[PDB]
Amino acid sequence: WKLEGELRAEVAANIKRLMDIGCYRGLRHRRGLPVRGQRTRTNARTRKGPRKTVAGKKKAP
Amino acid sequence: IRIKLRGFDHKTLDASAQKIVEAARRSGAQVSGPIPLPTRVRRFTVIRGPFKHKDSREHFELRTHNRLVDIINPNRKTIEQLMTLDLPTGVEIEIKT
Amino acid sequence: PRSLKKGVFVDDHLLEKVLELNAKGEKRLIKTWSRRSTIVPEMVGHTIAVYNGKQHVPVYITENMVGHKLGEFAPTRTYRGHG
Amino acid sequence: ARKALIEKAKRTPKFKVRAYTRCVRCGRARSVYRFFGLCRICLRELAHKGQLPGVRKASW
Amino acid sequence: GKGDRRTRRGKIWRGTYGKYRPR
Amino acid sequence: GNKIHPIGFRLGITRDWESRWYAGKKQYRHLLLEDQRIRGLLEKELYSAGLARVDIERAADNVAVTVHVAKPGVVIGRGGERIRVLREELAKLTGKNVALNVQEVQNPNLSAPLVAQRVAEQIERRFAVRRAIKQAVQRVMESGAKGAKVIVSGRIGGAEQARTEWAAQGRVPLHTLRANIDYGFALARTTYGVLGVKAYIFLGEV
Amino acid sequence: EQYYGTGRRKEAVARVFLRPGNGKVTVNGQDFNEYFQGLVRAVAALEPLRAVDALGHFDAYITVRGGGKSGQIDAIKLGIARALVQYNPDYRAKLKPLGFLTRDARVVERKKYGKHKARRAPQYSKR
RNA sequence: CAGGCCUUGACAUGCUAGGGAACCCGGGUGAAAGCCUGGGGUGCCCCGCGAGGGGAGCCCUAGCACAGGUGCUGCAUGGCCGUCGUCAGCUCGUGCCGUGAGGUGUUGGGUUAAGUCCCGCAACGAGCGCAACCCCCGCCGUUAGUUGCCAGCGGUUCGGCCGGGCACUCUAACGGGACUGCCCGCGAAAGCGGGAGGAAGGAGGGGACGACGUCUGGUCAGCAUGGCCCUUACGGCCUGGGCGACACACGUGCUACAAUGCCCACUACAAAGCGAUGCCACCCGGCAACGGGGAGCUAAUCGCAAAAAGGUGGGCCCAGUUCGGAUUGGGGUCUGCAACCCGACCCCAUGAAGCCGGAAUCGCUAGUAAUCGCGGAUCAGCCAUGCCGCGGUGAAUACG
Ligand SMILES: [Mg+2]
Ligand SMILES: [Mg+2]
Ligand SMILES: [Mg+2]
Ligand SMILES: [Mg+2]
Ligand SMILES: [Mg+2]
Ligand SMILES: [Mg+2]
Ligand SMILES: [Mg+2]
Ligand SMILES: [Mg+2]
Ligand SMILES: [Mg+2]
Ligand SMILES: [Mg+2]
Ligand SMILES: [Mg+2]
Ligand SMILES: [Mg+2]
Ligand SMILES: [Mg+2]
Ligand SMILES: [Mg+2]
Ligand SMILES: [Mg+2]
Ligand SMILES: [Mg+2]
Ligand SMILES: [Mg+2]
Ligand SMILES: [Mg+2]
Ligand SMILES: [Mg+2]
Ligand SMILES: [Mg+2]
Ligand SMILES: [Mg+2]
Ligand SMILES: [Mg+2]
Ligand SMILES: [Mg+2]
Ligand SMILES: [Mg+2]
Ligand SMILES: [Mg+2]
Ligand SMILES: [Mg+2]
Ligand SMILES: [Mg+2]
Ligand SMILES: [Mg+2]
Ligand SMILES: [Mg+2]
Ligand SMILES: [Mg+2]
Ligand SMILES: [Mg+2]
Ligand SMILES: [Mg+2]
Ligand SMILES: [Mg+2]
Ligand SMILES: [Mg+2]
Ligand SMILES: [Mg+2]
Ligand SMILES: [Mg+2]
Ligand SMILES: [Mg+2]
Ligand SMILES: [Mg+2]
Ligand SMILES: [Mg+2]
Ligand SMILES: [Mg+2]
Ligand SMILES: [Mg+2]
Ligand SMILES: [Mg+2]
Ligand SMILES: [Mg+2]
Ligand SMILES: [Mg+2]
Ligand SMILES: [Mg+2]
Ligand SMILES: [Mg+2]
Ligand SMILES: [Zn+2]
């Protein structure tokens with residue numbers, strides 16, 4: 001079997017290929033979003049990473 | 001030669017089974033009495049309200065009650081007598097040999 | 001993916017447009033609503049206008065992208081980001 | 001979009017996947033019981049008035 | 001664990017069979 | 001809104017089904033559709049005769065239908081004439097042998113669905129809605145009834161502010177199973193909107 | 001030559017047959033200690049005969065079906081108790097005071113709509 | 001939402017006028033829709049050897065009447081629903097009191113889960129509620145004995161398999177059973193405490209059932225309905241897109257952080273349901289999803305079916321691990337016209353966060369909580385970890 005570095009390289013070439021053509025799958029790898037149809041309104045933390053909290057919308061008084 | 005009965009009411013189903021059992025009982029020979037087969041129950045569970053009120057429901061069930069009877073010895077006395085008998089609308093009839 | 005017991009899928013109404021082109025000497029811009037079609041070796045060198053739901057997106061096709069659907073190269077949503 | 005929809009429901013569709021049930025009483029797309037061809041709402045209506053043969057309020 | 005498809009327990013949880021859970 | 005249907009609450013106790021047959025999954029629904037399709041046709045045509053109860057009995061490939069009407073003469077027709085044109089148009093609906101029957105209503109002021117349509121008619125006729133209820137309750141009780149309750153809800157008097165009016169006499173135990181409460185609802189239409197009348201007759205307890 | 005009791009607990013029904021003998025038992029075509037192997041609660045089934053020193057005296061032939069082994073145990077305990085009082089009703093006392101006569105009617109409560117279980121309510125949050 | 005289309009329209013019901021009618025086959029263009037098209041044939045009652053000729057099924061076009069609208073108002077409405085709340089309450093009639101609103105009764109003393117009862121009283125009764133009649137579970141009987149059962153016999157390919165039988169189990173319809181009924185004690189009484197019998201004792205456990213009303217509560221998008229509004233379009237058909245977006249924030253959940261655990265093999269014990277372009281025994285091909293075969297069953301018989309936690313044996317040795325299973329590469333399978341956006345599975349590889357969670361906060365009083373698996377409805381398939389149900393195992397604690 002092909003292993004370690006060589007396998008990693010071959011995995012890398014595959015992702016690289018998707019980006020360069022570049023299919024929707026390739027676009028997702030560009031922005032580091034999920035690739036397999038998961039929702040992104042919530043969760044997706046594994047791909048997106050730690051929460052970058054942001055101000056919300058204020059309420060009236 | 002056996003007769004199997006089905007219907008949605010147990011009172012009418014049993015009455016007709018009880019009658020058929022009687023019909024052969026007069027005109028010999030032998031009957032294996034009406035046995036109560038297990039009831040198949042179809043349930044429907046529904047949200048009571050028309051809109052959005054999920055946590056309250058109403059349970060509805062539909063019961064197809066079941067009876068089986070055995071006519072041991074045919075004897076065209078009874079084998080005729082049944083074709084000339086009145087059993088209500090609620091019930092359906094299966095006749096085998 | 002689509003079971004290979006079945007055939008590789010194209011709409012045929014798009015394939016015939018391509019094949020008629022191959023004869024007479026290509027090319028021509030091809031307007032299609034078949035995102036669902038597979039890209040096929042006879043399509044290389046062409047440019048096929050996939051409709052994303054709003055516009056026909058011109059797509060040039062090469063060998064490196066043969067196994068994919070046409071819709072894969074015409075993204076349906078526009079994002080840019082937030083804030 | 002209703003009468004055209006409840007009507008188009010009956011039309012034998014171009015593909016058998018495009019077929020779907022309507023409530024034969026009111027034309028509701030959702031929560032329709034194949035056994036009755038009735039939606040969950042209409043089911044409760046007729047059942048309470050005894051117009052569903054042998055169908056009654058469960059309790060256990 | 002139950003979320004591991006590559007196990008007996010996992011295939012049970014998902015109610016499916018395969019190499020890891022045969023029938 | 002809370003209270004359960006008096007009828008559905010008593011099916012198999014003080015109440016029997018309107019449709020009294022058996023069928024299997026393959027054909028419950030077509031049988032159900034025909035029944036409904038039937039009741040519709042009859043409810044509109046036999047309105048004048050005061051349709052109260054439609055009972056449908058079925059065996060195989062033929063169907064009866066028993067109509068309970070307080071003025072049968074409208075149902076039968078001119079020397080057994082109208083029953084034909086309907087049974088003709090009925091079998092045209094069915095494809096079965098429509099054994100249409102007309103059964104008499106002995107006292108029409110003891111039929112809750114009847115009482116309802118009577119009051120609904122009175123209020124389409126712009127009558128005093130409070131008075132109309134009081135009289136309907138009075139007649140029902142006069143007819144030997146153990147209890148009566150009638151309820152009008154909607155734009156009473158055509159007021160912009162919707163309301164609910166109701167009168168009652170005697171006992172009306174909706175919680176009691178062994179109590180025969182005839183229930184009926186009539187929808188009343190007016191220029192200003194739709195009203196709704198519910199009639200409750202406590203015929204008696206077994 | 002035989003004494004019978006009908007044993008019931010929690011969906012489990014046991015057909016017990018008490019015959020005199022060395023004191024050997026059988027459940028559903030296989031031996032008792034084979035059947036309830038590794039279940040520490042097993043000894044409770046063979047306990048009404050202790051309240052009346054019949055441990056050695058009776059052998060038992062037992063049929064069991066429905067519920068689970070633990071339920072089947074309580075069921076056998078009922079029937080084996082029932083078989084003894086049929087053997088002699090003088091045993092009714094010294095078995096009834098210990099409750100071997102009665103069948104507990106504790107069964108799985110029905111799950112209710114708007115709940116996760118029978119009584120387990122969905123998690124509350126105001127706002 | 002974008003684009004391409006239709007105009008008496010996808011649909012109802014009457015009216016003219018023409019083809020002529022039907023209907024099943026196509027064909028060109030096109031993403032389809034649509035537009036343009038080309039086949040064969042209609043009796044009726046009939047004047048009819050006849051040339052013929054029109055009446056009325058339904059089709060088509062033209063032209064009207066009309067249709068259509070998930071467009072708006074839940075601050076015009078019916079209906080149905082949530083809720084306070086299964087809370088112990090809300091009232092009426094006649095009488096009495098007050099100039100009057102209103103009061104009395106419904107307050108009081110005792111009692112109860114209860115306006116449940118008991119005693120008292122200018123009140124005496126009565127209704128809607130409570131309880132009861134209904135259903136499931138627990139004991140027993142009756143009636144039944146196949147497709148269910150097998151105690152004792154006879155065979156026995158060792159499987160209730162066959163004769164045999166319905167005892168038991170069960171199935172499922174009808175009954176019985178509990179009433180503080182009996183004993184003691186305290187009580188004016190109602191009741192309370194206790195005891196015996198008994199499967200069950202103080203409503204035996206659970207369900208169904210929700211008062212007058214409240215919230216201008218919810219729903220004009222399930223339906224109905226007043227009014228307002230649109231009319232080569234705010235109606236209708238189609239192709240594609242979107243409802244599946246993602247710096248973020250909240251709710252309800254699933255799976256875990258491990259050894260009271262994880263894994264492989266072997267071995268048991270449920271219940272409620274579902275099933276004729278359905279469930280699929282078993283055989284063979286595939287590591288497998290599945291595929292080809294192919295019996296049985298219209299199903300207490302045939303099948304979904306293995307229940308799982310458990311039990312037995314061995315492995316792992318405290319490690320971000322044989323814990324966890326996200327994410328990603330690759331290769332396949334199936335439904336489907338079609339899985340790019342956006343399906344579920346299977347297999348190889350990948351093996352993230354997570355070491356028990358800040359302020360805060362939830363559920364449950366017993367076969368409950370916890371934990372374990374099973375089924376169904378919707379449904380081609382399925383994003384179900386949701387919901388409604390079913391059993392298995394089975395606690396802790398309540399001083400107050
Ligand atoms: Mg997404
Ligand atoms: Mg919920
Ligand atoms: Mg070619
Ligand atoms: Mg509509
Ligand atoms: Mg569909
Ligand atoms: Mg549907
Ligand atoms: Mg693992
Ligand atoms: Mg009650
Ligand atoms: Mg006007
Ligand atoms: Mg049972
Ligand atoms: Mg449980
Ligand atoms: Mg508004
Ligand atoms: Mg409102
Ligand atoms: Mg309303
Ligand atoms: Mg609103
Ligand atoms: Mg105003
Ligand atoms: Mg008064
Ligand atoms: Mg004063
Ligand atoms: Mg005075
Ligand atoms: Mg007063
Ligand atoms: Mg009061
Ligand atoms: Mg008062
Ligand atoms: Mg007071
Ligand atoms: Mg209470
Ligand atoms: Mg008093
Ligand atoms: Mg009372
Ligand atoms: Mg018997
Ligand atoms: Mg409002
Ligand atoms: Mg509407
Ligand atoms: Mg409106
Ligand atoms: Mg569309
Ligand atoms: Mg959504
Ligand atoms: Mg979840
Ligand atoms: Mg299913
Ligand atoms: Mg790690
Ligand atoms: Mg870490
Ligand atoms: Mg690991
Ligand atoms: Mg992949
Ligand atoms: Mg997809
Ligand atoms: Mg550690
Ligand atoms: Mg833990
Ligand atoms: Mg409690
Ligand atoms: Mg666990
Ligand atoms: Mg499940
Ligand atoms: Mg499904
Ligand atoms: Mg998904
Ligand atoms: Zn409906």
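A note on names: the letters A, B, ... follow the listed sequences, proteins ahead of strands, and every chain is numbered from 1. Note: hydrogens, waters and symmetry copies are ignored here, and every other heavy atom, side chains too, is used.
- Residue C:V50 is classed as having no contact, given no heavy-atom separation below 4.0 Å to the nucleic acid.
- A donor-acceptor contact under 3.5 Å is not formed by the side chain of F:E160 with the base of H:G227.
- Nucleic acid contact for A:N14: sugar-phosphate only, since backbone atoms but no base atoms lie under 4.0 Å from a heavy atom of the residue.
- Checking the phosphate oxygens (OP1, OP2) of H:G145, a side-chain nitrogen or oxygen of B:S32 falls inside 4.0 Å.
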Sub-3.5 Å pairs of nitrogen or oxygen atoms, protein against nucleotides 284-292 of chain H:
unit_1 : atom_1 : unit_2 : atom_2 : d
H:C290 : OP2    : E:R23  : NH2    : 3.1

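- Taking the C1' atom of each, H:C269 and H:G394 are spaced 16 Å apart, rounded to whole Å.
- When both distances must be under 3.5 Å, the Watson-Crick or G-U wobble mate of H:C130 does not exist.
- For H:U328, one of the phosphate oxygens OP1 or OP2 lies less than 4.0 angstrom from a side-chain nitrogen or oxygen of A:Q38.
- Looking only at atom types and distance, the side chain of G:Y35 has a donor-acceptor partner in the side chain of G:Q72 under 3.5 Å away.
- Below 30°, between 30° and 60°, or above 60°: for C:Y51 and C:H56 the angle between ring planes is between 30° and 60°, a tilted geometry.
- The partner of H:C323 is H:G354, by the rule that a Watson-Crick or G-U pair needs both atom distances under 3.5 Å.
- Taking only distance into account, the side chain of C:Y51 meets the base of H:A2 through a donor-acceptor pair shorter than 3.5 Å.
- Few gaps surround CD on A:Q38; more than 12 heavy atoms of other groups in view lie less than 6.0 Å from it.
- Looking at the side chain of G:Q72, the nearest of the listed nucleotides H:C269, H:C81, H:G275 is H:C269.
- In this structure H:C266 sits in a base pair with H:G311, meeting the Watson-Crick or G-U test at under 3.5 Å.
- One cannot find a donor-acceptor pair under 3.5 Å joining the base of H:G275 and the side-chain atoms of F:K25.
- Base-pair partner of H:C75: not found among the strands shown (Watson-Crick or G-U wobble, both distances under 3.5 Å).
- Defined by atom type and a distance below 3.5 Å, a donor-acceptor pair is missing between the side-chain atoms of D:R18 and D:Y20.
- When only modelled atom types and interatomic distance are considered, G:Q37 and G:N33 share no side-chain donor-acceptor pair under 3.5 Å.
- At the phosphate of H:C388, neither OP1 nor OP2 sits under 4.0 Å from any side-chain N or O atom of D:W60.
- If you check H:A123 for Watson-Crick or wobble pairing at under 3.5 angstrom, you find it paired to H:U94.
- In this structure, D:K8 does not reach the H:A10 phosphate: none of its side-chain N or O atoms is under 4.0 Å from OP1 or OP2.
- Adjacent nucleotides H:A288 and H:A289 have six-membered base rings whose centres lie under 5.5 Å apart with planes inclined under 30°, meeting the stacking criterion.
- In terms of position along RNA chain H, the nucleotide closest to A:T40 lies nearer the 5' end than the nucleotide closest to the other residue of the pair G:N28 and A:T40.
- For H:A132, the base has a donor-acceptor partner in the side chain of F:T176 [N/O atoms by modelled type, under 3.5 angstrom].
- Under the Watson-Crick and G-U wobble criteria, each requiring two contacts below 3.5 Å, nucleotide H:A114 is left unpaired.
- Nucleotide H:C130 is shown with an anti base, its glycosidic torsion being more than 90° from 0.
- Ranking H:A300, H:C150, H:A31 by closeness to the G:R65 side chain, first place goes to H:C150.
- Between B:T39 and H:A173, a side-chain N or O to OP1/OP2 separation shorter than 4.0 Å is present.
- Between the side chains of G:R15 and G:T6, no donor-acceptor pair of N or O atoms lies under 3.5 Å.
- Set against H:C174, H:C347, H:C248, the side chain of E:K11 has H:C347 as its closest nucleotide.
- Base stacking of H:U214 on H:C215: present (ring centres under 5.5 Å, plane angle under 30°).
- Remark: P of H:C139 and CG of G:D104 are 10 Å apart, rounded to the nearest angstrom.
- Checking the phosphate oxygens (OP1, OP2) of H:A369, a side-chain nitrogen or oxygen of G:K117 falls inside 4.0 Å.
- Of the listed nucleotides (H:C347, H:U216, H:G329), H:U216 has the atom at the smallest distance from the side chain of F:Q161.
- A tilted orientation is assigned to the rings of B:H10 and B:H65, their planes being inclined by 30° to 60°.
- In terms of position along RNA chain H, the nucleotide closest to F:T164 lies nearer the 5' end than the nucleotide closest to the other residue of the pair G:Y61 and F:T164.
- Side-chain polar atoms of C:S34 and C:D11 form a donor-acceptor pair below 3.5 angstrom.
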CA sep, side-chain torsions, deciding dist, call: B:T39, B:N66, side-chain contact (heavy atoms from CB on, under 4.5 Å): CA-CA 6 Å; B:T39 322; B:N66 282 328; over 6 Å; no
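- Ring-plane geometry between C:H68 and C:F73 is classed as perpendicular, the angle between the planes exceeding 60 degrees on a 0 to 90 degree scale with a lower cut at 30.
- For H:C149, the base has no donor-acceptor partner in the side chain of G:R15 [N/O atoms by modelled type, under 3.5 angstrom].
- Within the shown strands, H:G375 is the pairing partner of H:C388 under the Watson-Crick or G-U definition, both distances less than 3.5 Å.
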Set out, line by line, the N/O atom pairs under 3.5 Å between protein and nucleotides 66-68 of chain H.
unit_1 : atom_1 : unit_2 : atom_2 : d
H:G68  : OP1    : D:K3   : NZ     : 2.7

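- Between D:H48 and B:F60, the ring-plane angle classifies as perpendicular under the 30° and 60° cut-offs.
- Using cut-offs of 30° and 60° on the angle between ring planes, the pair B:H59 and D:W60 is perpendicular.
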